[PDB]
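Below is one structure, written out as structure tokens; the observations come after it.
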Amino acid sequence: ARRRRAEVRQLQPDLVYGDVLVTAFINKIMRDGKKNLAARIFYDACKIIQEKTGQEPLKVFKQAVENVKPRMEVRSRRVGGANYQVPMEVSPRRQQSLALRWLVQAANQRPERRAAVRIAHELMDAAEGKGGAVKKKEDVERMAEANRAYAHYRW
Amino acid sequence: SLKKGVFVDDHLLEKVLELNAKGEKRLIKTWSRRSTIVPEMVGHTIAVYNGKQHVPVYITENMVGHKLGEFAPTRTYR
Amino acid sequence: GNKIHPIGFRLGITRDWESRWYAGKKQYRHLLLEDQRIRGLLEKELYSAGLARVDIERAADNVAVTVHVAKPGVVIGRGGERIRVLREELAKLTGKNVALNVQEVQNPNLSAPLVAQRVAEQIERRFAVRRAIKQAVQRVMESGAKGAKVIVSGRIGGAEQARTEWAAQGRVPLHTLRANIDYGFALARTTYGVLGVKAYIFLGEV
Amino acid sequence: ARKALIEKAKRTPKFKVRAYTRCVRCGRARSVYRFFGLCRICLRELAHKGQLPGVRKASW
Amino acid sequence: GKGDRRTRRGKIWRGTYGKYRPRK
Amino acid sequence: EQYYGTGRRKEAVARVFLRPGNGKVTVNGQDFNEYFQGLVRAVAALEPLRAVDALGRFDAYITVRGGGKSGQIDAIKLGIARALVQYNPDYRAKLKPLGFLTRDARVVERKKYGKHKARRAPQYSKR
Amino acid sequence: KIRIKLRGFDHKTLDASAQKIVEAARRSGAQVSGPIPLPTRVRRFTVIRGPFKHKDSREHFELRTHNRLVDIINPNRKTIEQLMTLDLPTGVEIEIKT
RNA sequence: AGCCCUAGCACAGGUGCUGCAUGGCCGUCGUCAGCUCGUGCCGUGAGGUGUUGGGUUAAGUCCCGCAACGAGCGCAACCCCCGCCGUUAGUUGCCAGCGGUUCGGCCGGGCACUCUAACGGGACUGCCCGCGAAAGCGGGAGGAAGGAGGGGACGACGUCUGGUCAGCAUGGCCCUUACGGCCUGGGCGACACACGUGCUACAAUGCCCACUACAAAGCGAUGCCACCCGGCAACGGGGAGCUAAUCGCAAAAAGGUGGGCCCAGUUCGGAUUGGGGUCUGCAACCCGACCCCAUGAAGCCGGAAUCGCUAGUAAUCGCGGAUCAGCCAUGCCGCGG
Ligand SMILES: [Mg+2]
Ligand SMILES: [Mg+2]
């Protein structure tokens with residue numbers, strides 16, 4: 001991206017809750033280009049947040065995501081003599097992606113044997129604020145802050 | 001792997017059959033290593049070409065359906 | 001080592017085939033080998049005419065064979081003493097009955113395939129490799145052409161290090177499809193090795 | 001051996017398995033298209049001249 | 001999958017037919 | 001009585017006739033939900049109606065062949081939309097903002113020689 | 001009821017040479033069901049450009065048979081005249097049917 | 001006379017060496033925005049100017065400025081495919097509309113539609129806002145398509161004393177009862193090892209089995225093989241149709257729905273080896289592929305390193321073709337989901 005600053009490839013809204021942010025999530029779940037199975041999974045997962053909690057799936061989803069967004073992180077930096085992990089803020093597009101990336105990953109690391117459950121639990125456990133996603137979130141926030149000394153370069 | 005004859009060579013039987021009207025030969029040389037060894041035409045030690053020379057192969061009952069070159073190996077220290 | 005053949009490139013617009021005969025998947029192989037041994041004997045035993053194209057047509061046992069020259073009569077005789085010999089040689093190998101037109105190009109220093117041979121000839125008669133190119137271009141450029149260019153490969157003047165003299169004039173837009181550029185390639189079997197000669201003549205448009 | 005070979009490939013042989021194609025022009029054993037008797041080389045050649053009827057450069 | 005001649009896939013992939021993939 | 005559009009989408013062609021009233025939708029001689037069964041996105045193909053408020057107060061008869069199930073799904077979507085502009089001039093001024101009217105130009109780009117696959121080149125080892 | 005095939009390499013001179021057969025069968029015949037163009041039979045060859053190892057970089061050649069079809073429902077000898085002989089095809093083939 | 005046979009002769013023949021003697025053809029820097037000429041001008045001269053500069057572009061693309069004014073090889077454009085609409089045309093489309101339908105667009109009836117294929121139309125920064133001296137840049141309307149709409153073909157002066165005498169052509173040199181020829185067999189397939197490019201997996205976003213038109217390029221008359229029967233099958237019988245928009249290869253597979261396995265080196269994975277057979281071919285030991293029974297290996301996602309791709313792309317799933325008796329194709333060139 002030398003020339004232009006690149007348009008953020010827009011997404012079709014969801015054909016259910018009508019939310020871009022959902023399809024975004026669905027897309028991350030998708031494997032070999034099998035969007036169908038991908039979608040089934042996320043919806044069937046919203047069903048295991050009825051059967052389990054009185055709450056509306058969307059609200060849980062939103063609120064878990066909001067819980068896994070980092071605020072700070074260490075971007076690497078070379079200077080002629082050593083390597084410096086420099087803490088900068090996180091632009092809202094990156095937040096969006098890291099969170100949704102992390103959820104799926106955190107979720108596929110879980111034990112339960114089935115797609116739609118792993119998604120579901122994670123989603124719940126992280127809107128409570130105790131996800132294995134949320135681990136690899138407070139870690140990043142912590143890694144900055146510990147390198148708070150070098151936080152005076154930030155280019 | 002075939003099943004309509006045994007695709008064995010003319011020039012070989014001519015020589016085997018008409019050798020067995022009383023015949024006990026080892027000096028019997030051949031280049032037809034693709035000819036199937038024929039039911040019980042044993043005794044006679046055939047000499048098979050491997051590309052360089054003819055090998056003294058004395059033949060027994062238990063080695064029948066096998067083709068002739070399985071005994072004249074074509075390369076060295078294998 | 002780049003650059004397409006410019007006839008090949010243009011057999012769409014701007015140039016048609018040296019064989020306008022249809023057919024199908026068991027004759028073509030043979031309707032070809034013949035097509036070739038024809039020009040096989042023609043190109044060898046008719047060099048002096050100076051034969052540019054050797055256009056050909058078919059429709060089952062008839063064959064058009066329109067041989068183009070600008071020495072048209074050197075194919076004939078003085079009435080018909082040779083052109084009879086030839087319809088004879090043709091149909092002897094072609095077990096069929098051969099037509100056999102003859103043609104004149106009103107200007108032979110627009111025939112790339114001649115321009116080449118001419119320059120080629122000279123080279124064997126130990127000529128001036130570089131002023132040949134200089135001349136031949138000016139010849140072709142003289143006959144009102146839009147652009148000309150000639151190329152010799154190498155051992156130019158018997159040299160031990162193979163070289164490449166080229167010369168041009170006016171346009172030769174080798175990248176335009178509506179170009180109409182004739183392309184001539186000639187050999188040159190000298191004592192020390194083979195040279196190679198290329199000819200390019202620009203004319204065309206819309 | 002390319003001479004005694006080009007000839008022997010015109011013959012009819014003990015057993016028809018021993019047959020084979022061979023660029024009738026550029027006398028050549030390999031890559032000889034069945035619809036031409038023509039080595040891909042001695043071919044890209046004629047094709048470019050136009051000596052090959054109806055054969056165009058493809059593009060899509 | 002694609003390497004077991006005794007799966008169906010095994011035979012699609014190989015292109016062949018038989019017990020484990022018959023011709024309709 | 002009748003209306004028409006011709007939807008197309010990447011080797012897929014959509015013959016579409018609507019009729020007023022009911023809500024049912026026959027597609028290649030089948031109910032919508034028999035042809036598009038489990039295929040979670042199909043509900044979108046009839047999105048152009050939900051756009052105009054003709055919710056399910058047309059029937060529609062639809063042949064659709066060529067290529068792909070999901071390409072068909074989008075193909076139809078173009079008919080269902082190109083049909084109603086031709087049963088109301090003003091069916092336009094609120095289908096453009098959503099653009100159910102663009103063809104969708106995109107298509108299997110070509111396999112180039114030397115690549116594996118159009119764009120995917122092979123694997124450089126360098127030593 | 002006449003059914004005549006027209007095969008070709010040259011697209012422009014089937015639609016040319018065999019649209020004399022939509023005139024010389026209209027002027028001295030009567031009814032004509034126009035030319036119908038049958039899908040083309042494209043024969044692709046693909047050659048490695050050089051004489052040696054350069055297995056990438058190739059050229060593409062296709063020789064394409066254009067197929068054309070003609071039906072006319074007034075079979076007179078009023079027609080078998082220019083349609084007996086009066087020519088402008090030169091690399092065409094024709095199947096005559098009924 | 002020819003033509004043939006032996007004894008001579010002139011000659012043939014050599015994939016024998018030289019790509020550092022060559023031609024032709026290819027690859028490479030690189031589809032990079034460059035490389036030059038004519039005349040004028042500056043400089044004793046090699047050379048310079050032009051081609052630098054400021055704005056702009058994908059670009060030596062354009063613009064404004066300037067001792068230069070122009071031009072040539074390049075770039076773009078002229079050709080092919082893909083997108084939208086029209087014209088022409090009915091042994092492929094069809095109740096689209098009505099009649100008959102043993103309910104197979106099959107039977108009349110019709111090209112409306114789809115399509116097949118030939119020609120045309122369409123996009124130009126043309127329109128409105130804003131900035132600018134201009135070129136043009138940011139937005140918006142219209143429109144199937146906006147600002148190069150998406151893919152090709154197309155490779156400048158030249159560089160790598162790049163590649164190839166084994167495709168062919170060719171100077172030179174070396175063999176000419178043999179460095180030529182013809183055959184039978186063997187080798188190009190060897191195996192302590194080591195790199196490249198791939199294929200197949202290591203699983204549950206999975207495997208298996210049953211059913212279930214989403215079709216989108218090609219090949220076929222010393223052939224494609226519908227359909228029958230025999231065989232668990234490979235395949236073998238009989239046998240129809242189509243010189244093939246008509247008949248055949250042809251089932252697309254992922255997908256959908258049902259069922260099953262329950263985290264196991266497993267109903268994951270199919271290497272190895274044993275056996276019995278099919279086919280092509282004079283012939284399948286070395287050296288074919290296919291079918292079936294058994295045998296089931298390593299592999300639980302890979303160190304330091306390192307490859308590809310910016311959109312219908314990558315990832316994933318099948319389809320065909322070329323050469324070809326058959327085939328060691330998991331390769332190659334192509335098609336779509
Ligand atoms: Mg000075
Ligand atoms: Mg080898």
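Ligands are numbered from 1 in the order shown, residues from 1 within each chain, and chains are lettered A, B, ... in the order they appear in the structure tokens.
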
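Near ligand 2, the residues found within 12 Å are residues 187, 188 and 189 of chain H (criterion computed using only C-alpha atoms (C1' of nucleotides) and all ligand atoms).
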
As a PDB file with N, CA, C and O atoms (P, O5', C5', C4', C3', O3' and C1' of nucleotides), in the first residue's frame, please: every protein or nucleic acid residue near ligand 1 (cut-off 12 Å, counting only C-alpha atoms (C1' of nucleotides) and all ligand atoms).
ATOM      1  P     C H  42      25.729  28.728 -30.487  1.00  0.00           P
ATOM      2  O5'   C H  42      26.008  28.032 -29.081  1.00  0.00           O
ATOM      3  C5'   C H  42      25.707  28.675 -27.814  1.00  0.00           C
ATOM      4  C4'   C H  42      26.182  27.803 -26.669  1.00  0.00           C
ATOM      5  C3'   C H  42      27.624  27.335 -26.761  1.00  0.00           C
ATOM      6  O3'   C H  42      28.519  28.337 -26.303  1.00  0.00           O
ATOM      7  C1'   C H  42      26.253  25.495 -26.233  1.00  0.00           C
ATOM      8  P     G H  43      29.978  28.489 -26.974  1.00  0.00           P
ATOM      9  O5'   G H  43      30.673  27.091 -26.644  1.00  0.00           O
ATOM     10  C5'   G H  43      31.240  26.872 -25.341  1.00  0.00           C
ATOM     11  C4'   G H  43      31.695  25.454 -25.207  1.00  0.00           C
ATOM     12  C3'   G H  43      32.823  25.022 -26.120  1.00  0.00           C
ATOM     13  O3'   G H  43      34.107  25.569 -25.774  1.00  0.00           O
ATOM     14  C1'   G H  43      31.200  23.280 -25.854  1.00  0.00           C
ATOM     15  P     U H  44      35.053  26.301 -26.909  1.00  0.00           P
ATOM     16  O5'   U H  44      35.114  25.186 -28.061  1.00  0.00           O
ATOM     17  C5'   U H  44      35.832  25.400 -29.285  1.00  0.00           C
ATOM     18  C4'   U H  44      36.944  24.402 -29.524  1.00  0.00           C
ATOM     19  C3'   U H  44      36.599  22.920 -29.511  1.00  0.00           C
ATOM     20  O3'   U H  44      35.974  22.376 -30.652  1.00  0.00           O
ATOM     21  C1'   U H  44      38.632  23.256 -28.377  1.00  0.00           C
ATOM     22  P     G H  45      34.514  21.809 -30.483  1.00  0.00           P
ATOM     23  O5'   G H  45      34.763  20.371 -29.859  1.00  0.00           O
ATOM     24  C5'   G H  45      35.532  19.437 -30.612  1.00  0.00           C
ATOM     25  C4'   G H  45      36.047  18.346 -29.713  1.00  0.00           C
ATOM     26  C3'   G H  45      34.991  17.514 -29.033  1.00  0.00           C
ATOM     27  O3'   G H  45      34.603  16.576 -30.020  1.00  0.00           O
ATOM     28  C1'   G H  45      36.614  18.132 -27.449  1.00  0.00           C
ATOM     29  P     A H  46      33.202  15.877 -29.897  1.00  0.00           P
ATOM     30  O5'   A H  46      33.437  14.906 -28.663  1.00  0.00           O
ATOM     31  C5'   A H  46      34.324  13.782 -28.829  1.00  0.00           C
ATOM     32  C4'   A H  46      34.372  12.967 -27.572  1.00  0.00           C
ATOM     33  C3'   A H  46      33.021  12.658 -26.959  1.00  0.00           C
ATOM     34  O3'   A H  46      32.514  11.493 -27.583  1.00  0.00           O
ATOM     35  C1'   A H  46      34.427  13.495 -25.292  1.00  0.00           C
ATOM     36  P     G H  47      30.935  11.264 -27.626  1.00  0.00           P
ATOM     37  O5'   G H  47      30.456  11.598 -26.140  1.00  0.00           O
ATOM     38  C5'   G H  47      29.169  12.174 -25.871  1.00  0.00           C
ATOM     39  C4'   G H  47      29.325  13.268 -24.861  1.00  0.00           C
ATOM     40  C3'   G H  47      28.034  14.003 -24.545  1.00  0.00           C
ATOM     41  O3'   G H  47      27.203  13.330 -23.617  1.00  0.00           O
ATOM     42  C1'   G H  47      29.656  15.573 -25.195  1.00  0.00           C
ATOM     43  P     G H  48      25.615  13.457 -23.771  1.00  0.00           P
ATOM     44  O5'   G H  48      25.338  15.000 -23.453  1.00  0.00           O
ATOM     45  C5'   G H  48      25.600  15.507 -22.141  1.00  0.00           C
ATOM     46  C4'   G H  48      25.444  16.998 -22.109  1.00  0.00           C
ATOM     47  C3'   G H  48      24.027  17.516 -22.306  1.00  0.00           C
ATOM     48  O3'   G H  48      23.151  17.497 -21.185  1.00  0.00           O
ATOM     49  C1'   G H  48      25.494  18.690 -23.730  1.00  0.00           C
TER      50        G H  48
END

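With distances taken over only C-alpha atoms, C:23 is the one residue among C:98, C:11, C:115, C:23 lying closest to chain G.
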
Exercise for review: Using only C-alpha atoms, select each residue of chain D with any atom at most 8 Å away from an atom of chain C, and give the selection as a PyMOL selection string.
Suggested key: chain D and resi 24+35-37+47-54+56-57

Practice item. Write out as a ChimeraX atom specification the residues lying within 6 Å of residue G:9, counting only C-alpha atoms (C1' of nucleotides) and excluding same-chain residues fewer than 4 positions away. Key: /D:54 /G:64-66

Exercise for review: Write out as a PyMOL selection string which residues come within 10 Å of residue F:41 when counting only C-alpha atoms (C1' of nucleotides), dropping same-chain ones fewer than 2 positions away.
Suggested key: (chain A and resi 14-16+35-36+39) or (chain F and resi 36+38-39+43-45+70+73-74)

Please dump the current selection as a PDB file, in the first residue's frame; keep N, CA and C atoms.
ATOM      1  N   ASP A  14     -25.782  -8.971   7.750  1.00  0.00           N
ATOM      2  CA  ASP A  14     -26.235 -10.320   8.084  1.00  0.00           C
ATOM      3  C   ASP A  14     -27.667 -10.494   7.581  1.00  0.00           C
ATOM      4  N   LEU A  15     -27.995 -11.697   7.116  1.00  0.00           N
ATOM      5  CA  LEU A  15     -29.361 -11.991   6.678  1.00  0.00           C
ATOM      6  C   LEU A  15     -30.239 -12.455   7.823  1.00  0.00           C
ATOM      7  N   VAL A  16     -29.920 -12.054   9.049  1.00  0.00           N
ATOM      8  CA  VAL A  16     -30.665 -12.469  10.241  1.00  0.00           C
ATOM      9  C   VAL A  16     -30.758 -11.270  11.178  1.00  0.00           C
ATOM     10  N   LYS A  35     -18.718 -21.183   3.226  1.00  0.00           N
ATOM     11  CA  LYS A  35     -19.457 -20.152   3.962  1.00  0.00           C
ATOM     12  C   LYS A  35     -20.726 -20.727   4.547  1.00  0.00           C
ATOM     13  N   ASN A  36     -21.260 -21.783   3.928  1.00  0.00           N
ATOM     14  CA  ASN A  36     -22.548 -22.328   4.365  1.00  0.00           C
ATOM     15  C   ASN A  36     -22.373 -22.856   5.775  1.00  0.00           C
ATOM     16  N   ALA A  39     -21.802 -20.415   8.452  1.00  0.00           N
ATOM     17  CA  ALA A  39     -22.958 -19.684   8.955  1.00  0.00           C
ATOM     18  C   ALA A  39     -23.766 -20.554   9.888  1.00  0.00           C
TER      19      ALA A  39
ATOM     20  N   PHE F  36     -33.598 -24.638  -2.898  1.00  0.00           N
ATOM     21  CA  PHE F  36     -32.617 -24.000  -2.014  1.00  0.00           C
ATOM     22  C   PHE F  36     -32.701 -24.501  -0.564  1.00  0.00           C
ATOM     23  N   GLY F  38     -31.624 -25.738   2.950  1.00  0.00           N
ATOM     24  CA  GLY F  38     -30.478 -25.660   3.866  1.00  0.00           C
ATOM     25  C   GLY F  38     -29.531 -24.524   3.506  1.00  0.00           C
ATOM     26  N   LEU F  39     -29.450 -24.231   2.213  1.00  0.00           N
ATOM     27  CA  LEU F  39     -28.640 -23.133   1.701  1.00  0.00           C
ATOM     28  C   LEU F  39     -29.053 -21.776   2.310  1.00  0.00           C
ATOM     29  N   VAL F  43     -32.684 -16.856   1.138  1.00  0.00           N
ATOM     30  CA  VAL F  43     -33.651 -15.875   1.614  1.00  0.00           C
ATOM     31  C   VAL F  43     -33.343 -14.477   1.078  1.00  0.00           C
ATOM     32  N   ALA F  44     -32.102 -14.274   0.628  1.00  0.00           N
ATOM     33  CA  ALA F  44     -31.647 -13.000   0.057  1.00  0.00           C
ATOM     34  C   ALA F  44     -32.170 -12.765  -1.350  1.00  0.00           C
ATOM     35  N   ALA F  45     -32.213 -13.827  -2.156  1.00  0.00           N
ATOM     36  CA  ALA F  45     -32.695 -13.755  -3.542  1.00  0.00           C
ATOM     37  C   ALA F  45     -34.035 -13.023  -3.695  1.00  0.00           C
ATOM     38  N   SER F  70     -25.573 -20.915  -5.816  1.00  0.00           N
ATOM     39  CA  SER F  70     -25.472 -19.635  -5.158  1.00  0.00           C
ATOM     40  C   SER F  70     -25.348 -18.500  -6.166  1.00  0.00           C
ATOM     41  N   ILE F  73     -28.705 -18.118  -7.105  1.00  0.00           N
ATOM     42  CA  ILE F  73     -29.363 -17.374  -6.026  1.00  0.00           C
ATOM     43  C   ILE F  73     -29.297 -15.870  -6.271  1.00  0.00           C
ATOM     44  N   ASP F  74     -28.148 -15.415  -6.758  1.00  0.00           N
ATOM     45  CA  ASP F  74     -27.931 -13.995  -6.996  1.00  0.00           C
ATOM     46  C   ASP F  74     -28.583 -13.623  -8.338  1.00  0.00           C
TER      47      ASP F  74
END

**Study point:** All residues 8 Å or closer to residue C:171, only C-alpha atoms (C1' of nucleotides), same chain fewer than 4 positions away omitted, as a list in words
**Key:**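 Near neighbours after the sequence-gap exclusion: residues 146, 147, 148 and 202 of chain C; 72 of chain H.
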
Produce a file of the selected residues containing N, CA, C and O atoms (P, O5', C5', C4', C3', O3' and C1' of nucleotides), as a PDB file, in the first residue's frame.
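Generated file (again_17.pdb):
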ATOM      1  N   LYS C 146       5.629   3.660 -46.597  1.00  0.00           N
ATOM      2  CA  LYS C 146       5.490   4.411 -45.357  1.00  0.00           C
ATOM      3  C   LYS C 146       6.662   4.143 -44.366  1.00  0.00           C
ATOM      4  O   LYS C 146       7.017   5.027 -43.585  1.00  0.00           O
ATOM      5  N   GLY C 147       7.261   2.947 -44.394  1.00  0.00           N
ATOM      6  CA  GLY C 147       8.430   2.656 -43.552  1.00  0.00           C
ATOM      7  C   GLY C 147       9.206   1.402 -43.911  1.00  0.00           C
ATOM      8  O   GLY C 147       8.644   0.390 -44.303  1.00  0.00           O
ATOM      9  N   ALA C 148      10.516   1.449 -43.764  1.00  0.00           N
ATOM     10  CA  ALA C 148      11.320   0.284 -44.098  1.00  0.00           C
ATOM     11  C   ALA C 148      12.426   0.003 -43.060  1.00  0.00           C
ATOM     12  O   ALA C 148      12.839   0.907 -42.324  1.00  0.00           O
ATOM     13  N   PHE C 202       6.465  -1.093 -44.128  1.00  0.00           N
ATOM     14  CA  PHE C 202       5.235  -0.504 -43.611  1.00  0.00           C
ATOM     15  C   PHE C 202       4.469   0.214 -44.722  1.00  0.00           C
ATOM     16  O   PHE C 202       5.075   0.820 -45.609  1.00  0.00           O
TER      17      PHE C 202
ATOM     18  P     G H  72       6.740   9.565 -35.464  1.00  0.00           P
ATOM     19  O5'   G H  72       7.812   8.391 -35.420  1.00  0.00           O
ATOM     20  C5'   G H  72       8.584   8.123 -36.600  1.00  0.00           C
ATOM     21  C4'   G H  72       9.752   7.241 -36.275  1.00  0.00           C
ATOM     22  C3'   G H  72       9.474   6.154 -35.255  1.00  0.00           C
ATOM     23  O3'   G H  72       8.896   5.001 -35.817  1.00  0.00           O
ATOM     24  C1'   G H  72      11.457   7.239 -34.655  1.00  0.00           C
TER      25        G H  72
END

**Study point:** Within 9 Å of residue F:26 using only C-alpha atoms (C1' of nucleotides), minus same-chain residues under 5 positions, as a count of residues only
**Key:** 7

Point to revise | Counting only C-alpha atoms, the residue of F:118, F:100, F:112, F:17 that sits nearest chain G | key: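 Result for the nearest residue to chain G: F:112.
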
Check your understanding: Taking only C-alpha atoms (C1' of nucleotides) into account, what are the residues of chain B at most 7 Å from chain H, put as a ChimeraX atom specification?
Key -> /B:31,34,49-52,67-70,73-74

Check your understanding: Between atom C1' of residue H:232 and atom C1' of residue H:291, what is the distance, to one decimal in Å?
Key ->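 Computing it gives 10.2 Å between the two atoms.
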
Exercise for review: Compare F:16, F:72, F:110, F:11 by their minimum atom-to-atom distance to chain D, counting only C-alpha atoms, and give me the closest one.
Suggested key: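 Comparing F:16, F:72, F:110, F:11 against chain D, the winner is F:110.
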
Review point. Which distance in Å separates atom CA of residue F:48 and atom CA of residue F:24, to one decimal?
Key: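 A separation of 15.3 Å between them.
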
Practice item. Go ahead and compute the interatomic distance for atom CA of residue G:92 and atom CA of residue G:6, in Å to one decimal. Key: 6.9 Å

Review point. Which neighbours of residue A:19 fall inside 12 Å, counting only C-alpha atoms (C1' of nucleotides), when residues of the same chain fewer than 6 positions from it are skipped, and could you give them as number ranges by chain?
Key: A: 10-13, 25-26, 58-59, 61-62

Exercise for review: Would you mind telling me which residue in B:40, B:78, B:56, B:8 lies nearest to residue B:25 when using only C-alpha atoms?
Suggested key: B:56

Review point. Can you list every residue in chain B that DSSP puts in strand (DSSP E), as an MDAnalysis selection string?
Key: chainID B and resid 28:30 45:49 54:58

Review point. Counting only C-alpha atoms, which residues of chain F come no farther than 10 Å from chain G, as an MDAnalysis selection string?
Key: chainID F and resid 112:115

File of the preceding selection, N, CA, C and O atoms, as a CSV table (one decimal), in the first residue's frame:
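Result file result23.csv:
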chain,number,residue,atom,x,y,z
F,112,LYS,N,-3.6,-18.9,-16.5
F,112,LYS,CA,-2.4,-18.5,-17.3
F,112,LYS,C,-1.3,-19.5,-17.3
F,112,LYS,O,-1.2,-20.2,-16.3
F,113,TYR,N,-0.6,-19.7,-18.4
F,113,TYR,CA,0.5,-20.7,-18.5
F,113,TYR,C,1.6,-20.3,-17.6
F,113,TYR,O,1.9,-19.1,-17.4
F,114,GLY,N,2.2,-21.3,-17.0
F,114,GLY,CA,3.4,-21.1,-16.1
F,114,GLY,C,3.0,-20.9,-14.6
F,114,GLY,O,3.7,-21.4,-13.7
F,115,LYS,N,2.0,-20.1,-14.4
F,115,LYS,CA,1.3,-20.1,-13.0
F,115,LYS,C,0.6,-21.5,-12.8
F,115,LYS,O,0.5,-22.4,-13.6

**Study point:** Residue list for chain D near chain H as a PyMOL selection string, 7 Å, only C-alpha atoms (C1' of nucleotides)
**Key:** chain D and resi 1-2+15+17+26+28+31+41+59-60

**Study point:** Sel. of alpha helix (DSSP H) residues, chain E, as a list in words
**Key:**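 Those residues are residues 9, 10, 11, 12, 13 and 14 of chain E.
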